[PDB]
$ cat model-v7.txt   # compact mmCIF, N, CA and C atoms
# COMPACT_ATOMS: atom_id res chain seq x y z
N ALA A 1 0.83 -1.19 0.00
CA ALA A 1 0.00 0.00 0.00
C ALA A 1 0.87 1.24 0.00
N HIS A 2 1.22 1.72 -1.17
CA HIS A 2 2.00 2.93 -1.29
C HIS A 2 1.24 3.95 -2.08
N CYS A 3 1.27 5.18 -1.64
CA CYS A 3 0.58 6.27 -2.34
C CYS A 3 1.51 6.88 -3.39
N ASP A 4 2.56 6.16 -3.71
CA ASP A 4 3.56 6.61 -4.66
C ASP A 4 3.19 6.25 -6.09
N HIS A 5 2.04 5.65 -6.28
CA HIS A 5 1.62 5.22 -7.60
C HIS A 5 0.50 6.11 -8.09
N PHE A 6 0.43 6.33 -9.38
CA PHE A 6 -0.69 7.03 -9.96
C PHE A 6 -1.73 6.01 -10.35
N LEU A 7 -2.93 6.21 -9.93
CA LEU A 7 -4.01 5.32 -10.29
C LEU A 7 -4.67 5.82 -11.55
N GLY A 8 -4.79 7.12 -11.63
CA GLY A 8 -5.42 7.72 -12.75
C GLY A 8 -5.59 9.18 -12.54
N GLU A 9 -6.60 9.73 -13.15
CA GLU A 9 -6.84 11.15 -13.14
C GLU A 9 -8.29 11.40 -12.79
N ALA A 10 -8.54 12.52 -12.19
CA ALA A 10 -9.88 12.92 -11.88
C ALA A 10 -10.15 14.27 -12.53
N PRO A 11 -11.32 14.45 -13.14
CA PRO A 11 -11.69 15.72 -13.74
C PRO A 11 -12.15 16.73 -12.68
N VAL A 12 -11.24 17.56 -12.23
CA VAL A 12 -11.55 18.54 -11.21
C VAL A 12 -11.11 19.92 -11.67
N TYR A 13 -12.06 20.79 -11.89
CA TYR A 13 -11.74 22.14 -12.27
C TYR A 13 -12.76 23.09 -11.62
N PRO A 14 -12.30 24.11 -10.85
CA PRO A 14 -10.88 24.33 -10.58
C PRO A 14 -10.34 23.26 -9.65
N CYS A 15 -9.09 22.95 -9.79
CA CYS A 15 -8.53 21.87 -9.06
C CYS A 15 -7.88 22.37 -7.79
N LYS A 16 -8.50 22.05 -6.68
CA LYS A 16 -7.92 22.33 -5.39
C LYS A 16 -7.31 21.06 -4.90
N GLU A 17 -6.15 21.18 -4.31
CA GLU A 17 -5.40 20.04 -3.76
C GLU A 17 -6.28 19.10 -2.90
N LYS A 18 -7.03 19.69 -1.98
CA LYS A 18 -7.85 18.92 -1.06
C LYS A 18 -9.07 18.33 -1.76
N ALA A 19 -9.64 19.09 -2.68
CA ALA A 19 -10.79 18.63 -3.45
C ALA A 19 -10.38 17.49 -4.37
N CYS A 20 -9.20 17.62 -4.95
CA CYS A 20 -8.63 16.61 -5.83
C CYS A 20 -8.49 15.29 -5.07
N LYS A 21 -7.90 15.38 -3.87
CA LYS A 21 -7.69 14.23 -2.99
C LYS A 21 -9.03 13.55 -2.67
N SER A 22 -10.05 14.36 -2.56
CA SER A 22 -11.38 13.91 -2.26
C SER A 22 -12.07 13.26 -3.49
N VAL A 23 -11.97 13.91 -4.64
CA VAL A 23 -12.59 13.41 -5.88
C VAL A 23 -11.88 12.13 -6.35
N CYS A 24 -10.59 12.06 -6.11
CA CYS A 24 -9.83 10.88 -6.41
C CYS A 24 -10.38 9.65 -5.72
N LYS A 25 -10.83 9.80 -4.47
CA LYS A 25 -11.40 8.67 -3.73
C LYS A 25 -12.77 8.28 -4.29
N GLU A 26 -13.41 9.21 -4.97
CA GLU A 26 -14.70 8.99 -5.58
C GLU A 26 -14.53 8.11 -6.80
N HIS A 27 -13.59 8.47 -7.63
CA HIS A 27 -13.34 7.71 -8.85
C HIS A 27 -12.57 6.44 -8.55
N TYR A 28 -11.53 6.56 -7.78
CA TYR A 28 -10.69 5.45 -7.42
C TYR A 28 -10.79 5.26 -5.92
N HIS A 29 -11.46 4.22 -5.50
CA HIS A 29 -11.74 4.02 -4.08
C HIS A 29 -10.50 3.70 -3.27
N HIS A 30 -9.48 3.22 -3.93
CA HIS A 30 -8.25 2.87 -3.24
C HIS A 30 -7.24 4.00 -3.38
N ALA A 31 -7.71 5.17 -3.76
CA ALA A 31 -6.86 6.33 -3.84
C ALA A 31 -6.73 6.94 -2.47
N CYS A 32 -5.58 7.42 -2.17
CA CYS A 32 -5.31 8.01 -0.89
C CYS A 32 -4.99 9.49 -1.03
N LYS A 33 -4.18 9.83 -2.01
CA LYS A 33 -3.81 11.22 -2.21
C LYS A 33 -4.24 11.67 -3.60
N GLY A 34 -4.48 12.94 -3.75
CA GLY A 34 -4.77 13.53 -5.03
C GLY A 34 -4.08 14.86 -5.07
N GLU A 35 -3.51 15.22 -6.19
CA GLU A 35 -2.81 16.48 -6.28
C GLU A 35 -3.00 17.07 -7.66
N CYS A 36 -3.10 18.37 -7.71
CA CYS A 36 -3.32 19.08 -8.94
C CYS A 36 -1.99 19.49 -9.55
N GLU A 37 -1.78 19.14 -10.81
CA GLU A 37 -0.56 19.50 -11.51
C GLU A 37 -0.91 19.94 -12.91
N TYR A 38 -0.16 20.85 -13.44
CA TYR A 38 -0.38 21.31 -14.79
C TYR A 38 0.33 20.42 -15.77
N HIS A 39 -0.40 19.94 -16.71
CA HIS A 39 0.13 19.13 -17.77
C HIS A 39 -0.29 19.74 -19.05
N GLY A 40 0.66 20.28 -19.75
CA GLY A 40 0.35 21.01 -20.91
C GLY A 40 -0.06 22.39 -20.51
N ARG A 41 -1.35 22.65 -20.51
CA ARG A 41 -1.86 23.94 -20.11
C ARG A 41 -2.90 23.83 -19.00
N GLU A 42 -3.65 22.75 -19.00
CA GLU A 42 -4.68 22.54 -18.00
C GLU A 42 -4.12 21.88 -16.77
N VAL A 43 -4.84 22.01 -15.68
CA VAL A 43 -4.45 21.40 -14.45
C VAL A 43 -5.18 20.07 -14.30
N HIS A 44 -4.44 19.04 -14.07
CA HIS A 44 -4.97 17.71 -13.95
C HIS A 44 -4.90 17.27 -12.51
N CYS A 45 -5.93 16.60 -12.08
CA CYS A 45 -6.00 16.05 -10.75
C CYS A 45 -5.46 14.63 -10.81
N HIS A 46 -4.28 14.43 -10.26
CA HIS A 46 -3.64 13.16 -10.31
C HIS A 46 -3.94 12.39 -9.06
N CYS A 47 -4.44 11.21 -9.24
CA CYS A 47 -4.85 10.37 -8.15
C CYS A 47 -3.76 9.39 -7.78
N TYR A 48 -3.33 9.45 -6.55
CA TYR A 48 -2.29 8.62 -6.03
C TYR A 48 -2.91 7.57 -5.15
N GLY A 49 -2.40 6.40 -5.22
CA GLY A 49 -2.89 5.34 -4.41
C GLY A 49 -2.11 4.12 -4.67
N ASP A 50 -2.49 3.04 -4.09
CA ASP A 50 -1.81 1.81 -4.32
C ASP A 50 -2.53 1.06 -5.39
N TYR A 51 -1.82 0.71 -6.43
CA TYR A 51 -2.44 0.03 -7.52
C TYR A 51 -2.41 -1.46 -7.28
N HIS A 52 -3.55 -2.01 -7.06
CA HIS A 52 -3.71 -3.42 -6.89
C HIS A 52 -4.93 -3.86 -7.65
$ encode --input "model-v7.txt" --output "structure tokens"
Amino acid sequence: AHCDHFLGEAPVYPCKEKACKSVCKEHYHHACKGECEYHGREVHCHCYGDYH
């Protein structure tokens, strides 16, 4: 169980760090952390969790 893995992405705009972490658990139930990062031009909510 490491939160060092990306599980996927969550569509969160505007992307708040805490909201991202929250929406990530909605999409990916085994997600623990979510963080907003800019990729390209838009901000993506990256869902961290343990991939199993």
$ atom_distance --input "model-v7.txt" --atom1 "atom CA of residue 30 of chain A" --atom2 "atom C of residue 6 of chain A"
10.1 Å
$ residues_around --input "model-v7.txt" --residues "residue 4 of chain A" --least-positions-apart "5" --cutoff "7 Å" --atoms "all atoms listed in the file" --output "ChimeraX atom specification"
/A:48-50
$ residues_around --input "model-v7.txt" --residues "segment 7-22 of chain A" --least-positions-apart "6" --cutoff "8 Å" --atoms "only C-alpha atoms" --output "ChimeraX atom specification"
/A:28,31-36,43-51
$ write_last_selection --input "model-v7.txt" --atoms "N, CA and C atoms" --output "tab-separated table (two decimals), in the coordinates of the input"
chain	number	residue	atom	x	y	z
A	28	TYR	N	-11.53	6.56	-7.78
A	28	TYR	CA	-10.69	5.45	-7.42
A	28	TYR	C	-10.79	5.26	-5.92
A	31	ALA	N	-7.71	5.17	-3.76
A	31	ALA	CA	-6.86	6.33	-3.84
A	31	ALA	C	-6.73	6.94	-2.47
A	32	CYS	N	-5.58	7.42	-2.17
A	32	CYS	CA	-5.31	8.01	-0.89
A	32	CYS	C	-4.99	9.49	-1.03
A	33	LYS	N	-4.18	9.83	-2.01
A	33	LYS	CA	-3.81	11.22	-2.21
A	33	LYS	C	-4.24	11.67	-3.60
A	34	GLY	N	-4.48	12.94	-3.75
A	34	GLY	CA	-4.77	13.53	-5.03
A	34	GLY	C	-4.08	14.86	-5.07
A	35	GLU	N	-3.51	15.22	-6.19
A	35	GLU	CA	-2.81	16.48	-6.28
A	35	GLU	C	-3.00	17.07	-7.66
A	36	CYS	N	-3.10	18.37	-7.71
A	36	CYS	CA	-3.32	19.08	-8.94
A	36	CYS	C	-1.99	19.49	-9.55
A	43	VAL	N	-4.84	22.01	-15.68
A	43	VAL	CA	-4.45	21.40	-14.45
A	43	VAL	C	-5.18	20.07	-14.30
A	44	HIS	N	-4.44	19.04	-14.07
A	44	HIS	CA	-4.97	17.71	-13.95
A	44	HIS	C	-4.90	17.27	-12.51
A	45	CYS	N	-5.93	16.60	-12.08
A	45	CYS	CA	-6.00	16.05	-10.75
A	45	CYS	C	-5.46	14.63	-10.81
A	46	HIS	N	-4.28	14.43	-10.26
A	46	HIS	CA	-3.64	13.16	-10.31
A	46	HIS	C	-3.94	12.39	-9.06
A	47	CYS	N	-4.44	11.21	-9.24
A	47	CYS	CA	-4.85	10.37	-8.15
A	47	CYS	C	-3.76	9.39	-7.78
A	48	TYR	N	-3.33	9.45	-6.55
A	48	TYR	CA	-2.29	8.62	-6.03
A	48	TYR	C	-2.91	7.57	-5.15
A	49	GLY	N	-2.40	6.40	-5.22
A	49	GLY	CA	-2.89	5.34	-4.41
A	49	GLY	C	-2.11	4.12	-4.67
A	50	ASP	N	-2.49	3.04	-4.09
A	50	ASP	CA	-1.81	1.81	-4.32
A	50	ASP	C	-2.53	1.06	-5.39
A	51	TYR	N	-1.82	0.71	-6.43
A	51	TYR	CA	-2.44	0.03	-7.52
A	51	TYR	C	-2.41	-1.46	-7.28
$ atom_distance --input "model-v7.txt" --atom1 "atom C of residue 5 of chain A" --atom2 "atom C of residue 27 of chain A"
13.1 Å
$ atom_distance --input "model-v7.txt" --atom1 "atom C of residue 23 of chain A" --atom2 "atom N of residue 41 of chain A"
20.5 Å
$ select_by_dssp --input "model-v7.txt" --residues "chain A" --states "helix (DSSP H, G or I)" --output "ChimeraX atom specification"
/A:17-27
